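**Student:** Sending over my_file.tsv (TSV, C-alpha atoms).
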chain	number	residue	atom	x	y	z
H	117	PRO	CA	22.30	3.32	-110.07
H	118	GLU	CA	20.14	0.67	-111.76
H	119	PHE	CA	20.54	-2.69	-110.03
H	120	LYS	CA	21.38	-4.19	-113.44
H	121	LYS	CA	24.49	-2.02	-113.62
H	122	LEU	CA	25.72	-3.34	-110.25
H	123	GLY	CA	27.46	-6.48	-111.45
H	124	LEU	CA	25.52	-8.49	-108.88
H	125	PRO	CA	23.31	-11.42	-109.94
H	126	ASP	CA	19.52	-11.49	-110.06
H	127	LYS	CA	18.92	-13.62	-106.97
H	128	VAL	CA	20.10	-10.74	-104.73
H	129	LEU	CA	17.17	-8.63	-105.90
H	130	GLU	CA	14.76	-11.49	-105.14
H	131	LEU	CA	15.64	-10.79	-101.54
H	132	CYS	CA	13.71	-7.57	-101.79
H	133	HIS	CA	10.57	-9.66	-102.31
H	134	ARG	CA	11.02	-11.20	-98.87
H	135	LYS	CA	8.37	-10.02	-96.36
H	136	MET	CA	10.57	-9.96	-93.21
H	137	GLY	CA	14.03	-10.83	-92.00
H	138	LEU	CA	17.52	-9.43	-92.24
H	139	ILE	CA	19.57	-8.45	-95.30
H	140	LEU	CA	23.18	-7.35	-94.70
H	141	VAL	CA	25.52	-5.63	-97.14
H	142	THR	CA	29.12	-5.34	-96.00
H	143	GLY	CA	32.68	-4.35	-96.83
H	144	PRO	CA	35.53	-1.99	-96.01
H	145	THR	CA	35.72	1.75	-96.43
H	146	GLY	CA	34.46	2.91	-99.83
H	147	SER	CA	33.30	-0.64	-100.73
H	148	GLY	CA	30.23	0.67	-102.51
H	149	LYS	CA	27.89	-0.94	-100.00
H	150	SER	CA	25.61	2.07	-99.60
H	151	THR	CA	25.26	2.15	-103.41
H	152	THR	CA	24.12	-1.49	-103.45
H	153	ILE	CA	21.66	-0.90	-100.63
H	154	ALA	CA	20.32	2.17	-102.35
H	155	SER	CA	19.88	0.42	-105.68
H	156	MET	CA	18.00	-2.43	-103.97
H	157	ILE	CA	15.74	-0.15	-101.95
H	158	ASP	CA	15.07	2.01	-104.99
H	159	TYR	CA	13.89	-1.19	-106.74
H	160	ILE	CA	11.40	-1.58	-103.95
H	161	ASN	CA	10.42	2.09	-104.36
H	162	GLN	CA	9.64	1.52	-108.02
H	163	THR	CA	7.94	-1.84	-107.73
H	164	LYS	CA	5.92	-1.91	-104.53
H	165	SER	CA	3.72	0.52	-102.64
H	166	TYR	CA	5.37	0.10	-99.22
H	167	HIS	CA	6.17	2.38	-96.29
H	168	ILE	CA	9.98	2.60	-96.20
H	169	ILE	CA	11.94	4.08	-93.32
H	170	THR	CA	15.65	4.89	-93.51
H	171	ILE	CA	18.14	5.80	-90.76
H	172	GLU	CA	21.51	7.02	-92.17
H	173	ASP	CA	24.37	8.92	-90.56
H	174	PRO	CA	24.52	11.24	-93.53
H	175	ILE	CA	21.96	10.17	-96.10
H	176	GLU	CA	24.07	9.07	-98.98
H	177	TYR	CA	21.47	9.01	-101.74
H	178	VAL	CA	18.08	10.68	-101.88
H	179	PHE	CA	15.16	8.61	-102.98
H	180	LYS	CA	12.69	9.76	-105.66
H	181	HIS	CA	9.02	9.48	-104.77
H	182	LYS	CA	7.88	6.57	-106.95
H	183	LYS	CA	5.48	3.78	-105.89
H	184	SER	CA	6.55	3.59	-102.22
H	185	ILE	CA	6.50	6.00	-99.25
H	186	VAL	CA	10.07	6.64	-98.09
H	187	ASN	CA	11.05	8.47	-94.96
H	188	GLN	CA	14.80	9.13	-94.75
H	189	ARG	CA	16.10	10.12	-91.33
H	190	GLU	CA	19.58	11.51	-90.70
H	191	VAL	CA	20.84	10.67	-87.23
H	192	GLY	CA	21.55	14.17	-85.99
H	193	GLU	CA	19.35	16.84	-87.54
H	194	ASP	CA	16.31	14.59	-87.58
H	195	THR	CA	17.21	12.52	-84.49
H	196	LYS	CA	20.29	11.43	-82.51
H	197	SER	CA	21.08	7.73	-81.91
H	198	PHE	CA	20.51	4.83	-84.29
H	199	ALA	CA	18.98	2.92	-81.40
H	200	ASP	CA	16.56	5.71	-80.51
H	201	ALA	CA	15.41	6.25	-84.09
H	202	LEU	CA	15.26	2.57	-84.75
H	203	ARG	CA	12.78	1.81	-81.99
H	204	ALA	CA	10.76	4.83	-83.21
H	205	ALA	CA	10.48	3.54	-86.78
H	206	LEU	CA	9.63	0.16	-85.31
H	207	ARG	CA	6.35	1.16	-83.68
H	208	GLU	CA	5.56	3.13	-86.86
H	209	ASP	CA	5.16	-0.32	-88.48
H	210	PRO	CA	6.80	0.09	-91.88
H	211	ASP	CA	7.34	-2.62	-94.50
H	212	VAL	CA	11.04	-1.95	-94.71
H	213	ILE	CA	13.61	-0.30	-92.47
H	214	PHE	CA	17.23	0.46	-93.38
H	215	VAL	CA	19.62	0.85	-90.41
H	216	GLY	CA	22.76	2.55	-91.67
H	217	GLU	CA	25.10	1.02	-89.12
H	218	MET	CA	25.09	-1.36	-86.18
H	219	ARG	CA	28.08	-0.29	-84.09
H	220	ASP	CA	26.14	-1.11	-80.98
H	221	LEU	CA	24.49	-3.86	-79.04
H	222	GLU	CA	21.33	-1.82	-78.66
H	223	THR	CA	21.00	-1.16	-82.41
H	224	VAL	CA	21.76	-4.72	-83.32
H	225	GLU	CA	19.29	-6.11	-80.78
H	226	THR	CA	16.59	-3.81	-82.05
H	227	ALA	CA	17.38	-4.77	-85.64
H	228	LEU	CA	16.93	-8.46	-84.78
H	229	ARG	CA	13.56	-7.93	-83.20
H	230	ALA	CA	12.33	-5.84	-86.12
H	231	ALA	CA	13.43	-8.60	-88.50
H	232	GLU	CA	11.53	-11.24	-86.51
H	233	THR	CA	8.20	-9.42	-86.01
H	234	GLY	CA	7.25	-8.85	-89.65
H	235	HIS	CA	9.71	-6.37	-91.09
H	236	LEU	CA	12.33	-6.49	-93.82
H	237	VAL	CA	15.56	-5.10	-92.39
H	238	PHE	CA	18.59	-3.84	-94.34
H	239	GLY	CA	21.78	-3.08	-92.46
H	240	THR	CA	25.44	-2.49	-93.19
H	241	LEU	CA	28.62	-3.54	-91.45
H	242	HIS	CA	32.31	-3.02	-92.27
H	243	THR	CA	33.17	-6.73	-92.13
H	244	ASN	CA	34.90	-8.20	-95.14
H	245	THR	CA	33.37	-11.69	-95.41
H	246	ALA	CA	30.04	-13.48	-94.99
H	247	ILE	CA	31.64	-15.45	-92.17
H	248	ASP	CA	33.16	-12.50	-90.32
H	249	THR	CA	29.77	-10.86	-90.62
H	250	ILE	CA	28.15	-13.59	-88.59
H	251	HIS	CA	30.84	-13.48	-85.94
H	252	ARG	CA	30.62	-9.71	-85.53
H	253	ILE	CA	26.87	-9.89	-85.15
H	254	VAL	CA	26.98	-12.69	-82.58
H	255	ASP	CA	30.18	-11.80	-80.73
H	256	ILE	CA	29.09	-8.33	-79.88
H	257	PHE	CA	26.65	-10.01	-77.46
H	258	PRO	CA	27.45	-11.33	-73.98
H	259	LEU	CA	28.64	-14.94	-73.99
H	260	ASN	CA	25.44	-16.17	-72.30
H	261	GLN	CA	23.42	-14.60	-75.11
H	262	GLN	CA	25.29	-15.77	-78.20
H	263	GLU	CA	23.67	-19.19	-78.61
H	264	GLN	CA	20.44	-17.18	-78.62
H	265	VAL	CA	21.56	-14.68	-81.29
H	266	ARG	CA	23.15	-17.40	-83.36
H	267	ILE	CA	19.89	-19.37	-83.73
H	268	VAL	CA	17.73	-16.24	-84.28
H	269	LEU	CA	19.98	-15.44	-87.23
H	270	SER	CA	19.58	-18.98	-88.49
H	271	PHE	CA	15.84	-18.35	-88.89
H	272	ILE	CA	15.69	-14.68	-89.83
H	273	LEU	CA	18.86	-14.08	-91.91
H	274	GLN	CA	17.82	-13.57	-95.54
H	275	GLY	CA	21.08	-12.79	-97.24
H	276	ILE	CA	24.44	-11.21	-96.76
H	277	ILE	CA	26.48	-9.54	-99.51
H	278	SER	CA	30.20	-8.81	-98.94
H	279	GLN	CA	31.40	-6.28	-101.56
H	280	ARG	CA	34.63	-4.84	-102.90
H	281	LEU	CA	35.15	-2.47	-105.83
H	282	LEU	CA	38.20	-3.28	-108.00
H	283	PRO	CA	39.88	-1.20	-110.71
H	284	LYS	CA	40.16	-2.13	-114.41
H	285	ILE	CA	38.27	-2.23	-117.69
H	286	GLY	CA	34.88	-3.36	-119.01
H	287	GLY	CA	32.78	-0.57	-117.50
H	288	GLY	CA	35.17	1.13	-115.06
H	289	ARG	CA	35.63	-0.41	-111.63
H	290	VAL	CA	34.26	-3.86	-111.04
H	291	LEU	CA	32.27	-5.16	-108.09
H	292	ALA	CA	33.78	-8.19	-106.37
H	293	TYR	CA	31.35	-9.83	-103.94
H	294	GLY	CA	30.80	-12.80	-101.65
H	295	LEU	CA	27.18	-13.97	-101.24
H	296	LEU	CA	25.41	-16.15	-98.69
H	297	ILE	CA	21.67	-16.65	-99.05
H	298	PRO	CA	20.94	-19.39	-96.57
H	299	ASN	CA	19.03	-22.48	-97.68
H	300	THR	CA	17.81	-25.23	-95.34
H	301	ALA	CA	21.29	-26.77	-95.04
H	302	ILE	CA	23.25	-23.61	-94.10
H	303	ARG	CA	20.38	-22.58	-91.78
H	304	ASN	CA	20.95	-25.81	-89.91
H	305	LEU	CA	24.72	-25.42	-89.85
H	306	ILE	CA	24.40	-21.88	-88.48
H	307	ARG	CA	22.20	-23.42	-85.79
H	308	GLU	CA	24.82	-26.04	-84.84
H	309	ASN	CA	27.57	-23.42	-85.28
H	310	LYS	CA	29.30	-25.18	-88.18
H	311	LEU	CA	30.51	-21.99	-89.84
H	312	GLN	CA	33.48	-23.86	-91.28
H	313	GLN	CA	31.09	-26.18	-93.12
H	314	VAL	CA	28.92	-23.20	-94.14
H	315	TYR	CA	31.94	-21.88	-96.05
H	316	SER	CA	32.60	-25.21	-97.75
H	317	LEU	CA	28.98	-25.11	-98.85
H	318	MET	CA	29.50	-21.66	-100.32
H	319	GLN	CA	32.28	-23.07	-102.49
H	320	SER	CA	29.75	-25.47	-104.07
H	321	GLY	CA	27.23	-22.88	-105.25
H	322	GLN	CA	28.86	-22.93	-108.70
H	323	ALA	CA	28.46	-19.66	-110.61
H	324	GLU	CA	25.93	-18.50	-107.98
H	325	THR	CA	23.21	-21.03	-107.05
H	326	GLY	CA	22.44	-18.97	-103.95
H	327	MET	CA	26.01	-18.86	-102.65
H	328	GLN	CA	29.36	-17.61	-103.85
H	329	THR	CA	32.64	-16.93	-102.09
H	330	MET	CA	34.64	-13.73	-102.76
H	331	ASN	CA	37.66	-15.79	-103.87
H	332	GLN	CA	35.50	-17.38	-106.53
H	333	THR	CA	34.16	-14.04	-107.74
H	334	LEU	CA	37.72	-12.73	-108.01
H	335	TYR	CA	38.68	-15.87	-109.85
H	336	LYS	CA	35.94	-15.45	-112.47
H	337	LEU	CA	36.56	-11.70	-112.85
H	338	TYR	CA	40.24	-12.48	-113.39
H	339	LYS	CA	39.44	-15.35	-115.75
H	340	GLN	CA	37.41	-12.92	-117.84
H	341	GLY	CA	40.31	-10.45	-117.99
H	342	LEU	CA	38.22	-8.09	-115.94
H	343	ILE	CA	40.85	-7.44	-113.24
H	344	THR	CA	44.55	-8.21	-113.09
H	345	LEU	CA	46.11	-11.08	-111.15
H	346	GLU	CA	47.76	-8.65	-108.72
H	347	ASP	CA	44.49	-6.84	-108.05
H	348	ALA	CA	42.75	-10.13	-107.30
H	349	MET	CA	45.39	-11.38	-104.89
H	350	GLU	CA	45.36	-7.95	-103.25
H	351	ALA	CA	41.61	-8.11	-102.43
H	352	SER	CA	41.21	-11.81	-101.55
H	353	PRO	CA	40.31	-12.51	-97.91
H	354	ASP	CA	42.47	-15.60	-98.35
H	355	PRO	CA	45.11	-15.37	-101.06
H	356	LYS	CA	46.27	-18.96	-100.47
H	357	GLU	CA	42.91	-20.36	-101.61
H	358	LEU	CA	42.89	-18.17	-104.75
H	359	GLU	CA	46.42	-19.15	-105.64
H	360	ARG	CA	45.44	-22.78	-105.20
H	361	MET	CA	42.53	-22.04	-107.48
H	362	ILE	CA	44.57	-20.44	-110.26
H	363	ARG	CA	46.89	-23.45	-110.66
The structure given in the file should be rewritten as structure tokens.

**Tutor:**
Amino acid sequence: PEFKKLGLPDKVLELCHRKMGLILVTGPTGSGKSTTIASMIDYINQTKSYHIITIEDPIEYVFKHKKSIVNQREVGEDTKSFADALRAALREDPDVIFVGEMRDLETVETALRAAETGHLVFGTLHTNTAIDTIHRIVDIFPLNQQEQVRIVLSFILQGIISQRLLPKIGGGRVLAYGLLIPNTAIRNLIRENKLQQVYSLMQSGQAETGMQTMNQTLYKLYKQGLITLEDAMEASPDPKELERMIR
């Protein structure tokens, strides 16, 4: 799918012009996150002549050979463990790597190093919120290593998209998303571990301006008659905040 059909705003695609660092796209089962990822990489494919390496449990979409060079590796027939395959792409030196899933410490740690030594890294997680995303990434590490991981993220995190697909009208289903594309202020707060204040700053990014909470995105979809009230409440990672909004 064309990134313009995604229902996501333009600044998410600017992320693909970043030269290194980590981009995360998350959400529950059948959240459409692979479809977002694939639309964003296929943009790259069409626009830049890069070397692109993919690592997917089953590959979920096959990429056309356009401007870029894309190697898509299924953990299993091609290789075996995400970790294994990741460190193998790493030495290969590509411009972009997509790591289908970081279930593991080893995968996650390799992803972080790739992102810091000159590569653009896409990954997916099943977390529901930009905030939970950060906690899953850090918390999987041993206590004594989390300050470390937290501040690496503060410098190398490029963006995280939390998605949900809702029913209704307009085009079919609609994409509901949360979005956190750190700026100097949230970088700092991640550093100090002020994740509560990071959220308050997402509430300020009006109709985007780099940041946008899920609850807001549900609110505007609802306010445009794009989903129903019940659907919105059902999908909110904090119904109390949306209900306060509605009033």

**Student:** Would you write out, as CSV, a table of all residues in range 260-339 of chain H that have an atom no more than 12 Å from an atom of range 217-228 of chain H, listing for each the closest atom pair and the distance in Å to one decimal, considering only C-alpha atoms and ordering rows by chain and rising residue number?

**Tutor:**
residue,atom,partner,partner_atom,distance
H:261,CA,H:225,CA,11.0
H:262,CA,H:225,CA,11.7
H:264,CA,H:228,CA,11.2
H:265,CA,H:228,CA,8.5
H:266,CA,H:228,CA,11.0
H:267,CA,H:228,CA,11.4
H:268,CA,H:228,CA,7.8
H:269,CA,H:228,CA,8.0
H:270,CA,H:228,CA,11.5
H:271,CA,H:228,CA,10.8
H:272,CA,H:228,CA,8.1
H:273,CA,H:228,CA,9.3
H:274,CA,H:228,CA,11.9

**Student:** Enter the distance from CA of residue 324 in chain H to CA of residue 231 in chain H, in Å, rounded to one decimal.

**Tutor:**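 Straight-line distance from CA of residue 324 in chain H to CA of residue 231 in chain H works out to 25.2 Å.
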
**Student:** Out of H:352, H:313, H:240, H:278, which residue has the shortest atom-to-atom distance to residue 138 in chain H when counting all atoms listed in the file?

**Tutor:**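 That would be H:240, the residue with the smallest distance to residue 138 in chain H.
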
**Student:** Box for range 225-237 of chain H - axis-aligned, 3 Å on each of the six sides, all listed atoms - centre and size in Å to one decimal, as AutoDock Vina command-line options.

**Tutor:**
--center_x 13.3 --center_y -7.5 --center_z -87.3 --size_x 18.0 --size_y 13.4 --size_z 19.0

**Student:** Which is closest to residue 327 in chain H among H:301, H:180, H:201, H:348, if we use all atoms listed in the file?

**Tutor:** H:301

**Student:** Taking (21.0, -1.0, -107.7) in the coordinates of the supplied file, I want to know which residues reach to within 7 Å of it, counting only C-alpha atoms; could you give the answer as a ChimeraX atom specification?

**Tutor:** /H:117-122,151-152,154-156

**Student:** One decimal, Å: what's the distance from CA of residue 177 in chain H over to CA of residue 142 in chain H, could you say?

**Tutor:**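 Atom-to-atom, CA of residue 177 in chain H and CA of residue 142 in chain H are spaced 17.2 Å apart.
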
**Student:** Taking all atoms listed in the file into account, name the residue in H:168, H:342, H:295, H:140 that is nearest to residue 126 in chain H.

**Tutor:**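 For residue 126 in chain H, the nearest of the given residues is H:295.
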
**Student:** How many Å separate CA of residue 194 in chain H from CA of residue 132 in chain H?

**Tutor:** 26.5 Å

**Student:** Of the candidates H:290, H:317, H:204, H:212, which one gets nearest to residue 170 in chain H if we count only C-alpha atoms?

**Tutor:** H:212

**Student:** Using only C-alpha atoms, which residue out of H:292, H:277, H:305, H:318 lies closest to residue 338 in chain H?

**Tutor:**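 Ranked by minimum distance to residue 338 in chain H, first place goes to H:292.
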
**Student:** Excluding residue 316 in chain H and residues on its chain fewer than 3 positions from it, collect all residues at most 12 Å away from it, counting all atoms listed in the file, and give them as JSON, numbers by chain.

**Tutor:** {"H": [247, 296, 301, 302, 305, 310, 311, 312, 313, 319, 320, 321, 322, 327, 328, 329]}

**Student:** I'd like the neighbourhood of residue 345 in chain H as a PyMOL selection string, where a residue qualifies if any of its atoms comes within 12 Å (using all atoms listed in the file), though same-chain residues fewer than 4 positions away should be ignored.

**Tutor:** chain H and resi 282-284+334-341+349-352+355+358-359+362

**Student:** Counting only C-alpha atoms, what is within 7 Å of residue 235 in chain H, bar same-chain residues fewer than 3 positions away, as number ranges by chain?

**Tutor:** H: 135-137, 211-212, 230-232

**Student:** Choose the residue, out of H:169, H:128, H:160, H:253, that has the smallest atom-to-atom separation from residue 208 in chain H; count all atoms listed in the file.

**Tutor:**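 Of H:169, H:128, H:160, H:253, the one nearest residue 208 in chain H is H:169, counting all atoms listed in the file.
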
**Student:** Counting all atoms listed in the file, which residues come within 6 Å of (20.8, 3.1, -89.9), with the point read in the file's coordinates, and could you list them as a PDB file with C-alpha atoms, in the frame of the given file?

**Tutor:**
ATOM      1  CA  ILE H 171      18.140   5.800 -90.760  1.00  0.00           C
ATOM      2  CA  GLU H 172      21.510   7.020 -92.170  1.00  0.00           C
ATOM      3  CA  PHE H 198      20.510   4.830 -84.290  1.00  0.00           C
ATOM      4  CA  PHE H 214      17.230   0.460 -93.380  1.00  0.00           C
ATOM      5  CA  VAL H 215      19.620   0.850 -90.410  1.00  0.00           C
ATOM      6  CA  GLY H 216      22.760   2.550 -91.670  1.00  0.00           C
ATOM      7  CA  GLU H 217      25.100   1.020 -89.120  1.00  0.00           C
TER       8      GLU H 217
END
